[PDB]
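Number of protein chains: 2
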Amino acid sequence: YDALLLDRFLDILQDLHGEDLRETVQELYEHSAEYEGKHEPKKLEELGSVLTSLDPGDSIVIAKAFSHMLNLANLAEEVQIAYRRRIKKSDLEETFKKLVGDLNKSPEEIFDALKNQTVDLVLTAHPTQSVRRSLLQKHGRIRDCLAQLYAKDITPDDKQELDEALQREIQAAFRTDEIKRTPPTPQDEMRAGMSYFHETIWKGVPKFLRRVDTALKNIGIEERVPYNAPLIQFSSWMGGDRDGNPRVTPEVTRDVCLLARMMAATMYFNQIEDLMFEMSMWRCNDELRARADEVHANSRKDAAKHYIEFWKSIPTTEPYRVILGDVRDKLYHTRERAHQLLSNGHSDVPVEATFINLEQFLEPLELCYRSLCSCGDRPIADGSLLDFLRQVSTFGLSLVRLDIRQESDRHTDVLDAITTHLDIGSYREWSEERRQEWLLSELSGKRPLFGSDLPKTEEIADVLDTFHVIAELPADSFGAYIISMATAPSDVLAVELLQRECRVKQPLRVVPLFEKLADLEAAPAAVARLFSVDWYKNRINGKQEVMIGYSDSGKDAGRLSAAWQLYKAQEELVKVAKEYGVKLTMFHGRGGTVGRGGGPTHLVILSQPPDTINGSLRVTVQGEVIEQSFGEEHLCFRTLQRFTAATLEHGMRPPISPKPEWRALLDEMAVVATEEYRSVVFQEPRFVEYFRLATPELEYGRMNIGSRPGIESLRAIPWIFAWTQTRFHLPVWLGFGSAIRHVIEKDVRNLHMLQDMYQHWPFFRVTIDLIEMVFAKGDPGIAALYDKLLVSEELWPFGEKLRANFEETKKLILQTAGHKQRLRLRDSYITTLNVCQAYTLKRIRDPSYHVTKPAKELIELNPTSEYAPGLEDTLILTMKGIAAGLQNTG
Amino acid sequence: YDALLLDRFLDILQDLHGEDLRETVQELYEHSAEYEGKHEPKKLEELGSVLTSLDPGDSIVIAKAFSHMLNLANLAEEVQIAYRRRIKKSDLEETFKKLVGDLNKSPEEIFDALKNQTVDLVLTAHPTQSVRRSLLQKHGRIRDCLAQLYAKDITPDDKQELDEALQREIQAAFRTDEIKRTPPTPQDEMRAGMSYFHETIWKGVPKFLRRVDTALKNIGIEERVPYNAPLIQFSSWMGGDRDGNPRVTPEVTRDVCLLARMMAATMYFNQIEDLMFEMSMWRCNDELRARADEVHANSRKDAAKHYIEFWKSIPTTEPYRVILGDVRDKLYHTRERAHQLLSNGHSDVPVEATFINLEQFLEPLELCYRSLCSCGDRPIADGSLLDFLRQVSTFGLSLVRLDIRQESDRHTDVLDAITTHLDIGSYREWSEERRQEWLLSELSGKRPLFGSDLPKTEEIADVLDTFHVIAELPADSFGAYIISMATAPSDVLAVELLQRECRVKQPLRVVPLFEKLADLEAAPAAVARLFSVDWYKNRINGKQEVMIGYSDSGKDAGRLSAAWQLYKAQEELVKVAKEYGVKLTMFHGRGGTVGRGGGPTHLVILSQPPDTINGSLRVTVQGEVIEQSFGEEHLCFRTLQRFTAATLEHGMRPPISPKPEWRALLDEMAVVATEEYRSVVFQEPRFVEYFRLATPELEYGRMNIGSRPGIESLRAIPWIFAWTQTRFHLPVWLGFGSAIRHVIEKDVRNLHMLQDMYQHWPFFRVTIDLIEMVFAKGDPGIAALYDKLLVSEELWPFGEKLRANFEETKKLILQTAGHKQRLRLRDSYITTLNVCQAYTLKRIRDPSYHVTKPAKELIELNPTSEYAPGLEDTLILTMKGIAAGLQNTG
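As they're listed, the protein sequences go chains B and B'. A prime marks a further copy of an entry chain. Going left to right, the first sequence walks through residues 33 to 121, 137 to 756, 764 to 874, 885 to 916, 930 to 967 as the deposited numbering numbers them. Going left to right, the second sequence walks through residues 33 to 121, 137 to 756, 764 to 874, 885 to 916, 930 to 967 as the deposited numbering numbers them.
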């Protein structure tokens, strides 16, 4: 079945660049097949020799070719998955049955626990999406074609037109420049973000909700999930996260908020006329009759000719249409107000003529639902009206609530500017106690703090002006204020005060970020200290959110020690929240790659300590993962199912709590594992050098993915990227070797205790299984070749040391899991690109191949290349392709 | 399979009005089943006795019930048809094969004849659509549900959710008031009209075109139909036809034209961003490169924040996106200009910033197509870009070109006002010669005719002001000026002059309407006289359109004589056009019912005389027929296929031309048939009386269908309606009895000549077969019962005379066809309603049952009824239901 795509693509490629190039591509495919089969390391050089011959443009064409072959492989994978799963005629219905049978839980327990369950998915613009949007669209169309082909109801002409469509759409994909030639703006990132709504999420949410209703009815629960029950929500960082991104200005946040508002208004307006058409009943209760008579009293006997449907005054014969008609007029004026506010600087639209409340919108729709139920029309109510209620209660007036992020030291800079200007001292130099005392006195105080005449840096005015921008806009457009590098309560109190002082009418909730390992060790203490403050615990009103970073933890210490300290951290934070009677929601800053805390969703949810969620979970969806989980109706649904099921099960089926022996064993194991990790990544004086030679880290910035302009000082994203490209994955497995070996050395029964832990502690099982996954996607011969081609003869054995540890560690990993479906083939493609990526790097770091109108061929596409004409494009193509093949960037 | 719908509906009905009403409905269904089975006329009275017991509201519920059961039957019919035809894995591919095999015609002949073929479908607001739009939507949803159920890939939960959807949507259908309580405005009619575009036609056209491309490729023609080849077009009368409709004012025409323009702009704008996303190539020819450099020169380095996608200035890396980007800016400014022009009286949008030309739009898209083909991207060009080209070239800047219709005497009134005001005589009193002479002298003249100070009636100013309104608006928004009751050339020259004098910058083509039988007899002569005028033949530029009415012809004379004079008329008109070297296109004013020239499309096209079409055909789609042929993707496609196939075959496979014996035989037969028809419908002095008693004609106006406020003096629509409701169909078959009997009496070999004609003359075959269809949908027992319940004892035998003729005529009909699939059952339902319609009429025409807040039950729905509270609603319900059951209103 697989050979279909190869055949079609190679045929098109021959139509575009000749038989010769198709033959050389086939030669590469066969050499790589012999490598991923026989694994003779000579085969890699044998392929590279074939590669060194290519013309400057021909090599570009080769990299393009294997890249698009990989992408096609991913799409066929998704389709074959959706079909293999659909031809079944964890899982939602399965999870209900297991909760009833296994645990003897009742249906009404499931339903009541489900009403009080919340999952807040927040989308982020983290620079991990390798593929440009201009291509992602074509990907969507191609997966649609392959979806329609994989069926046995094809009618001849449909099949031929679908072959023409698939061919023309592949060719259109190949005819686009893959290289972002300029990096995007934050607003472009927000556009890429919201695209998944008016494409998949907008219609995807109601369908998923209906499916939940169906499942509850298969359990015997005729009742339906409340439309206002908040089973899912969406937040976004796109355009708000300004941590280290000076390109995200206050006006950027304004722009994206007005944008989202206008989008929501538009979608609601396109829907509202269809809904009005359907709501043509004449029976209603006396309540809705009174209301409809109200609106028809001020119905304004006017033309209203701009409208398409229902342009005439709406008769009382159809009352639901009257109420919905006012809903339309307010919706129209909303879209028009936002439309002018965005196009120009202003609108003449009066705010009373718009929806100002999250639920001045909802109230009339609720009234409609009540009326329908009163008259025996509950089936009618649970149709388009219900879908519309759920859509309103879920996306509101601005599709997502936007988070604003900033580092503590910027708040500290603003405050120190204020105390210096007030001739009272230096907030910086002040002890944390002094800071708390002053901040408290000013929060309870009633006098304006600074005035118009406050001296402001560009930075100071940046943070102040983002606060003013928050104040100027509606409250229901924002989510939370996230403080990076939060250490003490003064860091949060600073934000609360700055909000109040910037006249933020309804200040938003403040939430800290603990991302560095030390900050996580100290986090429960610092949160406890914050809850100690009687004023702040009084203002927080029994609810508090705190974020837990996964990216940087596993970067400065071992991956293992990161995970274990993360489990401990969640546990102890829940301890503090329970002690102070405050409902904690924990915000998990997970990535897509295991190296930044990633993994399959239900597994990483199961690996959280029990009684730490309790119907409140918040998770980052890091850029690239967004496309992975919302680019198709099926993907969106499977994602929402996976998340909600994992949460409900983790609620009613709490994972086992560890025995103390396992606790201490993990503490020792973590000391040894961290010493193992830092021994190679920081003690070795030549390690940074070898890293800057053997991995493609430094070139990452050339892909122009995001808008953000030693090894401790780099972002975690190119860190896991660099080692994932080379298929070595050092930051995933490093400490495990010395950890397991030292633990077995100290005591022999520790092997029986390891076998005990792998089969009974969910967190440990998840960890080891994930490490086994990562080993399955690795090949040390690759790292060997990179060393052979780019690393100087001197420290060749260093990598070999690592290569030793690699195998050694793998031996231990399987040893705890007790291990010893025929996908393969794709690695062949990946292997080819690996070779291409290695040799090309060698030519880039040379003096002969350095540099000292329109475009009608690929080589003319990069004129501003400081390297040789055909090279930079080829390297970027290799990185893109390998990422897409491994199904992970960083 | 049929019993499914009965089961679901009766279950819902029991949930809504109790077991008792479901049982009484079942009783009615069984009695009607025994009638449509055994046909004992006692069964009708036996059912009526059961009906006389009902409460006032219960009878309303019964009529509602059988009406909705009938509608459900129609929908299940359409679905079972689409499935029965789809499970085949005339017709388009069949027609190609028959044209090649049978007639030895070549592929390139088919393709070249197809390039030069045109079909102009014009939609009309004729008051024949019985069902209110508020219900038609629910019909659409229900046929979607039944479409998804009829498949064997149902997944359990999908089936249950579809049962909930079908149930809730049926219930929503039943919960709406079926009675239009106020008749619509012309603009409401235009809204109902255009709804089929932004629902079915807009996407339906490109799919059909692609299918034609596929068929041509299965013939060996790799080439694709030119995007600008006009294989289909759309016109509309909605909002322009003012013949006898004083509610259609000039401002109405303005309103609907600005409306359509805004709609088109909207649809194009929603599409344009997706198309821009796909057109991401970097290769182009030097032509398009030069153009893209032009637009990027004035690209206006500006924010353009109102836009969603591509809000930033478009780079030259993606040139197609640049050109399409300007296309977007002009499209946006167009939608906004029309939007303000409609909302208020004006717009500040400059006309240069909009598309003013039908093809200032098309030119950049053509340039894109050329570029794509130049670079080997013809597959890409034939995708979304092609669909978009065809959409532009087919719908233009205002979805349909609107026709304006008016009677000659209104033009005559205006002119006579002008000559009276000029103190030169009376245009009315003038001989046709004098009229022609003066009109010619003024058309060639250069002086303003009337001035500001012309005395104008409300009527005079109506016609003048509609001319000014035509002049004020863009030319590509209108189609043709249709003159009702056209008799001479002065009638057309009047319109040409009135256009010129009203400063109509690009005057539109004038086209006459010959609808009365005398006007059709005299039509070829009058058209010849018009072509004689050297000036007008010079201005017409070798193209002329003339309309041929079918409605009124078969109303004043026999149906047969109508058809035969119609054939003669088409033939002789083509004669005149050929003689004067002018390309004639004939505009066929056909209805949906056979009584107004209706029938299955390919049959009524085959029954046109050969060499009368020649790649130019224009057909009315009378209101109700619109829903019948465009309410579903499948219906729209099958309609466009049926029409285009019938036309192409009638072009390359000309139907046989009649022998002279058949000509004269039809002339005699037509004299006898017309004498037969007028003998009963006009000679009988009591016929009008019996018609006003035995048929529901007079009550037609109560259905509030359209916006238009002896028997010779009524519209043809309630004429065929009245006889079709009662299932008697007198105007379809009347003259055939005496015609055939006299023809066989005059000569015995005329029977052999009739058998000869039925098997070899397509027109005659179509006629007899249609009459046989109409007999199949008739039941004389119904007319008997109506007579028994409403007609006075005196002229009871009169109808029986007719009933004699009926059977007698039927005997002859089968006798010429040589005749002697198990659908039935639906007639049972229809029969019930027939009984309901009869008895209820009797109670309405009584003195006891005549008349001398909110609403919470059906009886409160008609408070302004001059008849008894529960009655008027019941009658209207019967008429609606019977119409839907017979699948024809009038």
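We treat Cβ as the ideally placed atom computed from N, Cα and C, and that holds for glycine.
Here DSSP, grouped into helix, strand and coil, assigns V666 (chain B) to strand. In the structure shown, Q195 (chain B') falls within a helical segment according to DSSP collapsed to helix, strand and coil.
For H353 (chain B'), the three-state secondary structure derived from DSSP is coil. Taking 8 Å as the cut-off, the beta carbon of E671 (chain B) is found no closer than this to the beta carbon of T232 (chain B). Only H386, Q387, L389, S390 and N391 from the segment 385-399 of chain B' bring a Cβ to less than 9 Å from some Cβ of chain B.
Under DSSP, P559 (chain B') shares a beta bridge with B':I530.
Think of a sphere of 9 Å around the beta carbon of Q218 (chain B'): the chain B residues whose beta carbon falls inside it are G423, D424, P426 and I427, in chain order.
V57 (chain B) carries a helical assignment under DSSP once its states are collapsed to helix, strand and coil.
C-alpha of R781 (chain B) to C-alpha of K831 (chain B): approximately 7 Å in a straight line. From the beta-carbon of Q214 (chain B), the residues of chain B' found nearer than 9 Å are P426. For the pair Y528 (chain B) and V558 (chain B), the CB atoms are nearer than the 8 Å cut-off.
Following the DSSP letters along the chain, one finds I652 (chain B') inside the alpha helix (DSSP H) bounded by residues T648 to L653. According to the DSSP assignment, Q280 (chain B') belongs to the beta strand (DSSP E) that extends over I279 to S283. As for any alpha helix (DSSP H) of minimum length 4 sitting wholly inside the segment 378-432 of chain B, the runs are 409-421, ordered along the chain. Under the three-state reduction of DSSP, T171 (chain B) is assigned to strand.
By the criterion of a C-beta distance shorter than 8 Å, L183 (chain B') is surrounded in its chain by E674 and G678, once the five residues flanking it on both sides are discounted. With respect to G662 (chain B), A160 (chain B) sits close: the two C-beta atoms are nearer than 8 Å.
Annotation for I92 (chain B): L935, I936, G947, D950, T951 and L954 place their beta carbon closer than 8 Å to its own, counting only its chain and skipping 5 residues before and after. Against chain B', the beta carbon of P230 (chain B) has no neighbour under 8 Å; the closest one sits roughly 12 Å away. By alpha-carbon distance to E861 (chain B), the top candidate from B:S792, B:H814, B:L322 and B:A932 is B:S792. In this model, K74 (chain B') and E715 (chain B') are separated by some 42 Å (Cα to Cα). Three or more Cβ pairs drawn from the segment 145-157 of chain B' and the segment 691-704 of chain B' lie within less than 8 Å of each other, which places the two stretches in contact. Pairwise C-beta distances place the segment 256-275 of chain B' in contact with the segment 193-213 of chain B, as three or more of them are shorter than 8 Å.
Taking the C-beta atoms as reference points, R54 (chain B') is found no nearer than 8 Å to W284 (chain B'). Assigned with DSSP and collapsed to three states, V166 (chain B') falls in strand.
With a cutoff of 8 Å on beta-carbon distance, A220 (chain B) and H100 (chain B) are scored as near each other.
When the Cα atoms are used, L963 (chain B') and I894 (chain B') turn out to be separated by approximately 8 Å. Counting only Cβ-Cβ distances below 8 Å, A932 (chain B) has contacts in chain B' at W329, in chain order. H796 (chain B) carries a helical assignment under DSSP once its states are collapsed to helix, strand and coil. For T142 (chain B), no Cβ of chain B' is located within less than 8 Å of the residue's own Cβ. Short of 7 Å from the beta carbon of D841 (chain B), and not among the five residues preceding or following it, lie these beta carbons of its own chain, in chain order: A741, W850 and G853. Within the segment 297-314 of chain B, those residues whose Cβ lies closer than 9 Å to any Cβ of chain B' are, in chain order, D302, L305, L306, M309, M310 and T313. Its chain contains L607, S608 and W611 as the residues whose beta carbon lies nearer than 7 Å to that of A717 (chain B), once the 5 sequence neighbours on both sides are disregarded; these appear in chain order.
Taking 8 Å as the threshold, the shortest C-beta distance from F255 (chain B) to chain B' does not fall below it. In the DSSP assignment, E592 (chain B) falls within the unbroken beta strand (DSSP E) covering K590 to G596. Counting along the chain, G835 (chain B') sits inside the alpha helix (DSSP H) bounded by residues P834 to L844.
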